[PDB]
Structure formats: structure tokens, C-alpha cells
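In: Show me how the following folds:
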Amino acid sequence: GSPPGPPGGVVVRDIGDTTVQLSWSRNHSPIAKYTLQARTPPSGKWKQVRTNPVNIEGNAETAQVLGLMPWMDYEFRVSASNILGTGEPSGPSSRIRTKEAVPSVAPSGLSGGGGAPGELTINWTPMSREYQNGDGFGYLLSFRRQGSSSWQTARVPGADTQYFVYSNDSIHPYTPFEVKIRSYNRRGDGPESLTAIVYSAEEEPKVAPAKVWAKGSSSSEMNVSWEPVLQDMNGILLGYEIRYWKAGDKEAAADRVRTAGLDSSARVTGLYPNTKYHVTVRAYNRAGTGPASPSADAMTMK
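Out: Residues are numbered from 1 along each chain as shown. See below for the structure:
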């Protein structure tokens, strides 16, 4: 008069990407219903699963499991119930992996810009394993000159791929491109991102600020001002990079701070009291920095 013993020999066949066919067998006591559970090893908790048929009769030895995730590891087990309640669950089936599916989201964070002459640089956020949905994962980039119709594409494998640089001598500086990205795996292509406008590399700055003024404003702070670099048409300027170092130290070891905008002055903090500093300023954009200004000097107060 004990609750029914667990069935045994739980095995899996007909593995889909979202379903499997589970089988088992028994054996004296009448069984009214079977209940099925699944977990994702090794550290997953046992959870209930949807079945077809919805109710597994006591004479049944097979059930379709519904509502699984693609490319996922699962173990399954079965329990038997009658008027005396439910017995212990079976031992778990041997681990299976559901089939792969195309990835289900588009990569995010698509952008780009910068690089060397003749380059188009493109960047994005790599997709974490939870959305990859299969092995042989990678990204498919499509790009064309803004205005044109024909796409060029680039297929790059590896989920950790987070940028791509293309170069062609026919690409002029700061050329606008339409760009879009989709992920893919062994099973096929995922959905495409919104299109982004990405400019090819601009020319790096070629001119230095002509004059820099630096003055210690306290024992640990310095105000720095300079003459802006005159932008000629086509010229791109994002801001300035200020470098400063103690007299007696190597220029190459200078700290670096950047502005962003048309400001022609900056405040530098965290300096040492009663100390002489050298300061240079240079222009920058996404292609790099220009040559340095003549150095200026300043002393922090006592």
C-alpha cells in the first residue's frame, strides 16, 4: 500500500529545437497519472514541463515535451501518481542538447568611425551566449556608400568579434556609409539591426595650436589656455589633448587629458605643490592626434 514506484529507463528521442519525445517504462499498483520534470545540468533546479498530451495517462509510456529552448542542455525525469499520492521520481535521463536555431536578436551598439586613411571602422556590442542559439556563431556586416544601392558584405566568425575594419584605396576621408549588422550561426542568419550611418576615417590633425598659456591657480591646480587650431573646410577636429609633466621628468611619461568641443582652455587638477610643470596641447579627432604645440610652463603655488 505504498505510493507507486518510479518508472525507469527514461530516454529521449526526436530531439527538436524546442521539443523532445520522452519514453519510459514500469509495476503492480495502478497508476493514474505520470508527471514530468526537466532541469538544465549541472546546477539547474528541476522544473515542470508542458507535455503533449497535456495529461499523461497511467497506461502511457511516452510523451512529447514542449516549450524547451534551442541549443540547451536538459535532463528529464518522471514520477507516478495514484490514489496513494506520488512516489519518488525516476533517475534522470542521460543529458541531451536541443537542436540549434538561428539567433533571435540583432546585435546592439552598432557604430563606428575613425581609423587610418582609406579605412571604414565599424563597432558593435558582442552578443552573450544566451542569445547565440547554436555553435559556429558570427556576425554579418553589410555596408554601402550612403546614396548607393548595392551592398558589400563581410562575414566574421566568433561571438567575441566586436569590430571590423575595411580598407580600400577608393575610400576618401570622412565618407558616409550606411551600415547594418546581423548575427548568424551554423543554423542560419538572425534578424538585422537598424541601419546606422558610419563615417570612414577622417584625416588626422596636421597642425599644432600656435600658443599655450599655463598658470598655477593654487597648490594643486593649473589653468591652461591655447590658441585654437583653425579648421579649414574638410578638416575634422573633436577637441584637444593636453599633456603635462614635472620639470625633470621625461616628456614621454606625461599625463594626458582631453577636452571635447570648441573650448580653448581647461583646468588641470591633482598636481603637486610648489612644482614646475611643462604643458603641451595638440588637436585630435577619431583618426588620432596632431603635432604638439610649443611647450608652456607653469608653477603650482606653495
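
In: Could you use CA atoms for every contact and neighbour count after this?
Out: Noted.

In: Let me see the ranges of the strands in the stretch 201-302 of the chain.
Out: Remark: strands assigned in the stretch 201-302 of the chain by DSSP state E, counting those that start in this stretch are 212-216, 222-226, 239-246, 255-258, 265-268, 276-285, 288-289, 296-299.

In: who touches residue 258 in this structure?
Out: Shown in contact with residue 258 (C-alpha atoms under 8 Å, 6 or more residues apart in numbering): 239-242.

In: Please tell me how far it sits from residue 167.
Out: For residue 258, the distance to residue 167 (C-alpha to C-alpha, to the nearest Å) stands at 28 Å.

In: And the closest residue in space to residue 6 that isn't next to it in sequence, how close does it get to residue 27?
Out: Spatial nearest neighbour of residue 6, chain neighbours left out: residue 90 (4.9 Å); criterion: C-alpha to C-alpha, 6 or more residues apart in numbering. Residue 90 is 13 Å from residue 27, where distance means C-alpha to C-alpha.

In: quick one, domains of this protein?
Out: Domain ranges of the chain: 8-98, 108-199, 211-300, per curated CATH domains.

In: Identify whichever of those lies nearest to residue 1.
Out: With C-alpha to C-alpha, the closest approach to residue 1 among the domains of the chain belongs to domain 8-98: 7.6 Å.

In: check contacts around the closest residue to residue 142 other than its chain neighbours.
Out: Take residue 142 and drop its neighbours on the chain: the residue closest to it by C-alpha to C-alpha, 6+ apart is residue 153, 4.3 Å away. Listed by C-alpha under 8 Å, 6+ apart, the contact partners of residue 153 are 140-143.

In: If we use 10 Å, what do you get?
Out: Neighbour list for residue 153: 140-144, 179-181 [criterion: C-alpha atoms under 10 Å, 6 or more residues apart in numbering].

In: Let me know the closest of the contacts of residue 258 to residue 110.
Out: residue 239 (23.4 Å).
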